[PDB]
Amino acid sequence: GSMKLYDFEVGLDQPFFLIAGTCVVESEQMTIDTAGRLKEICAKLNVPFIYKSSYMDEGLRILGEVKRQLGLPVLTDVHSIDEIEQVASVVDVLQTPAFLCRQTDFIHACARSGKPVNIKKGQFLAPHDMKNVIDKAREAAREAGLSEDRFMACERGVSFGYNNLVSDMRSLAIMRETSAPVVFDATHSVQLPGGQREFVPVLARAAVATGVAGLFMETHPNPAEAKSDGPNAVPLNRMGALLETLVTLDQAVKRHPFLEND
Amino acid sequence: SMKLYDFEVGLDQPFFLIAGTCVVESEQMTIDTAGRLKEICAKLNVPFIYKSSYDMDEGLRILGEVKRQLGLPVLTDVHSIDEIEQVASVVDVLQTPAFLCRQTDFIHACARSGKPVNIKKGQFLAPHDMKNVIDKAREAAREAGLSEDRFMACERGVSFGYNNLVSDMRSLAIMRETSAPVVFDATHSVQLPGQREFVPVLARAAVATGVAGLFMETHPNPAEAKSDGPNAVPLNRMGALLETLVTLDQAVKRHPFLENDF
Amino acid sequence: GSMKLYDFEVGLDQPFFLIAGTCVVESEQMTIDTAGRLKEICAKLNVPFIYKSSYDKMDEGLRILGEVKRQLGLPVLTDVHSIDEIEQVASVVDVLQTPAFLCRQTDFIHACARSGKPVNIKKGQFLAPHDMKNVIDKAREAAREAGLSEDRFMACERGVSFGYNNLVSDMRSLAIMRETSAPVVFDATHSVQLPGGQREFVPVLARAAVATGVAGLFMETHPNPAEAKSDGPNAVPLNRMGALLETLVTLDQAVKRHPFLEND
Amino acid sequence: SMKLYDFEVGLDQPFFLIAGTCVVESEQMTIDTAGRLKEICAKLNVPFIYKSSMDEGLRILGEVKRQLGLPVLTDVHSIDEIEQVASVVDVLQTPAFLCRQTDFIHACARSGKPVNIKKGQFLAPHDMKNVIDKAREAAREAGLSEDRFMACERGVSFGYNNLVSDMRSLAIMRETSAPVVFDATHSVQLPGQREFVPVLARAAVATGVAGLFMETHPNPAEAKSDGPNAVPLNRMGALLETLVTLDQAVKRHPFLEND
């Protein structure tokens, strides 16, 4: 399942794309500044790039400005059914909170919004459960007269005892049965339910070698203020270096079929 | 940056492979399969340690023939203090069952054996718990007049509910604090306390995370290697898998790991 | 921690109350019969009883619940799944109950909190026990903001994720959630769930939970035990409810006769 | 069901208590504390096995056994200790991590003494049947009776640095046809939790078990909430009175789950 997203193609058989945004809220002008830096970093490496909003009316307006000034596709989380219409009018991709993955009214209202949807897998789900979630979203899309190839399955961690998430790299393989692009959320997969930014690169490298369609990471736009006890965000001035590694990994594992298929 | 016979191993070296079979074969076939593995690894310049399929006196004789005929370093599991002399008198590297990782009498008998030891992390340990295991093992070696840089720390999964292990890639980075080479066991990490499909998945993830070494079992009879069989890569696919893994390992070791700078 | 719940008071210092409903939908007439049978089973043992709707997984379901109330006088609880359902179920039901996975969906929980009805708030299987305090405190602020009293919430244990497709019931949670200052309810039916087939553990966990010390207990019952197999819903056969409840009464009395030692 | 020292133990019997101290005492105060536990348990008719808090430890355990006429239990840690330990004690106990180390479990099996086999924190409850079935094969091949083993729940790993007590395990392990023992002190321990010992004890006894292990703190003056996972000695009577009431309640009639 390799689908169209904005003006590029995404999927397990395509070069990985990045979703990134900031771990702090900036002024309008600085939000554009940071988005522009990310655009340039990704452009030089040829990594397809979707900008994610740092946060409602005002947040959406600024996202609209990012889209218009920088020609970027943008993505935001939607939190309730009542928000969908307003958000989907502005953004190119909706993203659902993990804990709502089985709130069928909500997921289906997103599915019929007219925009593609990055569906986060609840931390209480087994990887096989995503197939049901995607199948029912597709049925909602069909019934609204919309194409079915408009969903991604997003791994964000599974509950591991109390106050911890583990990233089971097996999930990234299993969710290929959804026939939907698999997206790895590196920032939320390290979060204790900040202080874990050291594991963002670790998990990103592991996930990209596992084989995914896309990756989400938050970035810290003020490396001067970016500390190990802060958000689980990669400093902006190190993003280039990490992406170069991830491109090499992505190319390596997609040069030939994954053995586990073969 | 540990010396291990003919080569050096470590996070700062190319990864080494420990591999042996998921089935016991006749003596002649055992030598045959060890030979094939030696050549596969030779063509790719992957340092190779052979693991015994017998882990009794008969199995040690056959392992003796493997070493004499092929010159391979040999690794074996040992299960009790008595097996150490019986074995450490024939093999080059000892390996300890994960469930015995805090059985200090046994781990310290291995530490004083005169052979290097790959010490498996218990499925009930947290990654930070390995430092104390290695530190006490090094103490034992020192008290016996042996050098301290003779231990590896081996990740083999952590318990995840009932009848399931999960491979937390964070552990591979955390155990770097042991100043011991970290080894990833891909075959036992997938096991349900029928999962061969996850062996290449976890090997790629672990190699991209950054390890000193990797353990995988191989199936020597690919005509009879099935999905519901052992958690083993068919011998005829090992070369292709190792080529992927070499590419990933070289890629992540080209520069310092980003997480070091956090 | 005590709380008025219509005709009775509930709390760690009161006799436990039961929430029970069927695990299958029955005809209108068997629905009424079954509700009367449960009423009687509980009446004979003096177990305060709240009837749970079988129709909550519409207007018909609500009509029938209306007949249950009008005919039998039972207080009625229902799961609600969206903000819209709150107003829809208002004329019939007495107690709202929230899906576990919505425990942090603030718009939804605060709508429940403002409904005018008390609410049994299920703890998500992704939460740790200490997390429930903030959930309850948020619900109370919403209640306050709407001119409603704050002593109208209960905290319901329904298990926590344990690897894949498995829930474990950490009895420590039932003690820890006392810090919410709200009655703690144990859901013995969804706590055995394998995210049916686990009905053998419903009495096990109900006994354990009541001996741990709770305000309330939710169990489903099966009205047609002869159809009720080991592979079916996680429900106590209706003809065994009396015997189980007599055991649970005895446990509840034993553990509340004196202070809980963990409080010393 | 089976005979243990002087008495019958099992799901169809009044629960027995295994208890020992959370701190090593002097010989005389070890004796006094075992004495006080003995009296507490006798007043309530609770069958009581004392667990030791190597030569010297076994010497003192032998004095407890003899002077107070108590059965005694201790952990064995290697095959090499078995013969020395079994000549002194009435019940062997195996560390949970060793539950699959079959040469070691089977040596305990042939020892001639009964064995309380701890379920490792890495095992699923169904896994104990194979462990116990093999122990029994080892007993039989040695000419000993097969009804000399107990399955002991001590927690299962729950993420990192935490154990959870799945009360389902206590019912599932009934399939072993061996008495199930609940370890309330080790089931709370983080791989400062004494407040959960009474919680888990009440829960396990209501679930239905043959036996219960708890540590007690013999110096309640020094016994703190940040201290061991141990019930102060002066509160054991009150706790045991509650537990007996629960044990009688759930054993009065068959367990509903037995359908």
Side-chain angles (χ1 to χ4, degrees), chain C residues 1 3 5-6 8-21 35 38-43 45-52 72-77 94-95 97 118-120 151-157 169 171 173-175 177-178 180-189 191 202-221 236 240-256 258-263, chain D residues 198-199 202-203 205-207 241-250 253 256:
Chain C
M3 196 179 101
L5 194 50
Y6 296 93
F8 47 87
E9 246 196 279
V10 302
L12 186 61
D13 56 356
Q14 301 289 330
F16 85 96
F17 72 90
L18 176 77
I19 305 167
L38 281 167
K39 173 180 177 178
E40 184 61 32
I41 283 163
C42 290
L45 311 165
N46 207 37
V47 172
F49 169 48
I50 292 160
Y51 177 84
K52 185 173 185 289
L72 300 163
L74 293 166
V76 169
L77 176 149
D94 298 296
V95 183
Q97 180 169 278
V119 189
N120 192 31
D151 60 345
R152 72 179 50 239
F153 300 105
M154 302 186 286
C156 190
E157 175 65 43
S169 284
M171 296 301 151
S173 177
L174 299 176
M177 290 201 292
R178 294 167 190 170
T180 66
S181 292
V184 174
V185 179
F186 183 72
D187 179 341
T189 281
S191 272
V202 176
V204 172
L205 297 192
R207 283 197 313 267
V210 171
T212 295
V214 296
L217 178 59
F218 170 41
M219 293 188 293
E220 294 187 346
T221 185
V236 176
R240 291 302 185 245
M241 283 288 282
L244 179 62
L245 288 169
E246 184 179 2
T247 303
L248 298 177
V249 170
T250 306
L251 299 177
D252 191 64
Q253 288 177 349
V255 296
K256 296 173 176 168
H258 300 319
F260 291 104
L261 184 57
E262 59 268 25
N263 295 332
Chain D
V199 171
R202 293 198 307 270
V205 168
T207 295
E241 284 180 41
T242 303
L243 298 176
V244 163
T245 301
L246 300 175
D247 194 60
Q248 298 173 349
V250 307
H253 308 103
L256 192 71

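When reading the values below, keep in mind they use all heavy atoms of this one structure, side chains included, and skip hydrogens, waters and symmetry mates. Every chain is numbered from 1 and lettered A, B, ... according to where its sequence line falls, protein lines coming before strand lines.
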Asker: Side-chain contact test, heavy atoms from C-beta onward, threshold under 4.5 Å: evaluate it for C:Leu5 versus C:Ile50 and give yes or no.
Answerer: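 Side chain of C:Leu5 against side chain of C:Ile50, heavy atoms only: contact under 4.5 Å found.
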
Asker: Indicate yes or no for a side-chain donor-acceptor contact from C:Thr189 to the backbone of C:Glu220 under 3.5 Å, with no hydrogens or angles considered.
Answerer: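 A pair under 3.5 Å: yes.
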
Asker: With a 4.5 Å heavy-atom cut-off, do C:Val214 and C:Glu157 have their side chains touching?
Answerer: no

Asker: Can a cation-pi geometry be assigned to D:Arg202 and C:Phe260, taking NZ or CZ under 6.0 Å from the six-membered ring centre and within 45° of the ring axis?
Answerer: no

Asker: Does a side-chain heavy-atom distance below 4.5 Å link C:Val184 with C:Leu12?
Answerer: no

Asker: Can you give me the closest heavy-atom contact between C:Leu174 and C:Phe186, atom names plus distance?
Answerer: CD2-CD1, 4.0 Å

Asker: Hey, what do you get for CE (C:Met177) to SG (C:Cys156), rounding to the nearest 0.5 Å?
Answerer: 7.5 Å

Asker: Taking the side chain as everything from C-beta on, heavy atoms only, tell me whether C:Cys42 gets closer than 4.5 Å to C:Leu245.
Answerer: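 SC-SC contact between C:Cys42 and C:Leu245 confirmed.
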
Asker: Kindly indicate whether the side chain of C:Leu38, heavy atoms from C-beta on, has any atom under 4.5 Å from the side chain of C:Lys52.
Answerer: no

Asker: Quick one: CG on C:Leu18 to CZ on C:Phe218, what's the gap to the nearest 0.5 Å?
Answerer: 9.5 Å

Asker: Can you name the nearest heavy-atom pair linking C:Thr212 to D:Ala203, along with the distance?
Answerer: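 C:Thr212 and D:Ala203 have their closest heavy atoms at OG1-CB, 3.6 Å.
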
Asker: Taking the side chain from C:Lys256 and the backbone from C:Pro15, do they hold a donor-acceptor pair closer than 3.5 Å?
Answerer: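 It does not hold such a pair.
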
Asker: To the nearest 0.5 angstrom, please state how far the CZ atom of C:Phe153 sits from the CG atom of C:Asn120.
Answerer: 11.5 Å

Asker: Which heavy atom in C:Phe8 sits nearest to a heavy atom in C:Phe17, and how many Å separate them?
Answerer: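 Scanning both residues completely, I find the closest heavy atoms to be CE1-CB, 3.9 Å.
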
Asker: Measuring from C:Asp252:CG to C:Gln14:CD, what's the distance to the nearest 0.5 Å?
Answerer: 10.0 Å

Asker: What I'd like to find out is whether the side chain of C:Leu205 reaches to under 4.5 Å of the side chain of C:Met171, using heavy atoms alone.
Answerer: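 Counting from C-beta outward, C:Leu205 and C:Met171 do come under 4.5 Å.
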
Asker: What distance separates C:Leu45 CG from C:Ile41 CD1, expressed to the nearest 0.5 Å?
Answerer: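 C:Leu45 atom CG to C:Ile41 atom CD1 measures 8.0 Å (nearest 0.5 Å).
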
Asker: Could you measure the distance from the CG atom of C:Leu77 to the CE atom of C:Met154? Nearest 0.5 Å is fine.
Answerer: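 Between C:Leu77 CG and C:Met154 CE, I get 7.0 Å after rounding to 0.5 Å.
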
Asker: So which atom in C:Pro75 and which in C:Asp94 form the shortest heavy-atom distance, rounded to 0.1 Å?
Answerer: CA-OD2, 3.3 Å

Asker: Quick one: are C:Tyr6 and C:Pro118 in side-chain contact, heavy atoms under 4.5 Å?
Answerer: yes

Asker: Taking all non-hydrogen atoms of both residues into account, name the closest pair between C:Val255 and C:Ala211 and its distance.
Answerer: CG1-O, 3.3 Å

Asker: Between C:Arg178 and C:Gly213, is there a donor-acceptor pair closer than 3.5 Å when you use the side chain of the first and the backbone of the second?
Answerer: yes

Asker: Which heavy-atom pair separates C:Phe49 from C:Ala35 by the least distance, and what is that distance?
Answerer: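 Taking every non-hydrogen atom into account, CE2-O, 4.4 Å.
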
